[PDB]
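# An overview of the molecular structure
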Amino acid sequence: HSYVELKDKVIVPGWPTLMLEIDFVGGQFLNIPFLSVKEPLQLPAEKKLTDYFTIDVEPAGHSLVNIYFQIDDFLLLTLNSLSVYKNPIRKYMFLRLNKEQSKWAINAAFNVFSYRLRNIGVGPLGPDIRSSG
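Residues numbered from 1 in each chain as written, not as in the entry; some residues may be left out. Heavy atoms only, no water.

### Remarks on the environment of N31
Here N31 is to be found in strand β3 (residues 30-36). Here the alpha-carbon distance between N31 and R116, two residues 85 residues apart in the chain, equals 9.9 Å. With near-sequence residues (within four places) excluded, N31 lies in contact with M19, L20, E21 and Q101. (Helix = DSSP H or I, 4+ residues; strand = E, 2+ residues; numbered from the N terminus. Contact = heavy atoms within 4.5 Å.)

### A word on the pattern of salt bridges
The full count for this structure, using the stated rule, is three salt bridges. The partner of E100 in a salt bridge is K103, with the nearest N and O atoms 3.6 Å apart. Of the two residues, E100 and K103 both sit in helix α3 (residues 99-107), three residues apart, roughly one turn of that helix. Residue class for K103 comes out partly exposed when judged on its relative accessible area of 36%. (Salt bridge = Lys/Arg side-chain N within 4 Å of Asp/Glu carboxyl O. Buried < 20%, exposed > 50% of the residue type's maximum accessible area, 1.4 Å probe, protein only.)

### A few points about the nonpolar core
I22, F34, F53, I67, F69 and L75 are the most contacted members of the largest nonpolar core, which totals 34 residues. Elements represented by at least two residues in this core include exactly β2 (17-24), β3, α1 (49-52), β4 (53-59), β5 (65-71), α2 (73-82), β6 (92-96) and β7 (112-120). With near-sequence residues (within four places) excluded, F53 lies in contact with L20, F34, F69, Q70, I71, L75 and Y115. (Core = buried A, V, L, I, M, F, W, Y, C linked by side-chain atoms within 4.5 Å.)

And the structure:
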């Protein structure tokens, strides 16, 4: 198995968005627009995200970081349905923090305290923006 990149393409303008928010050890989080989606992500309130979703922050170089994750079939299937872009979620994927975002993870010793996915709705032109172009 490999870790495929979840590329920027998956964040389509106009549509709602799932924000990955990461709380490092220290206390002001780190916010990454994870995936644009047609409908909000609600999990069975029985369960929590950690059950289905595991992330690891590693350095990619002297100055950059990536976030790796492993997604269990349920969430995988759940995200793929919700996605605006055509079913882009594999079991093993990674995404690339930028030079800006990286600094934080480096300074935090890569040590994640907690994380969540969070639904962010659309803005005032959204409807018009998503249908245009």
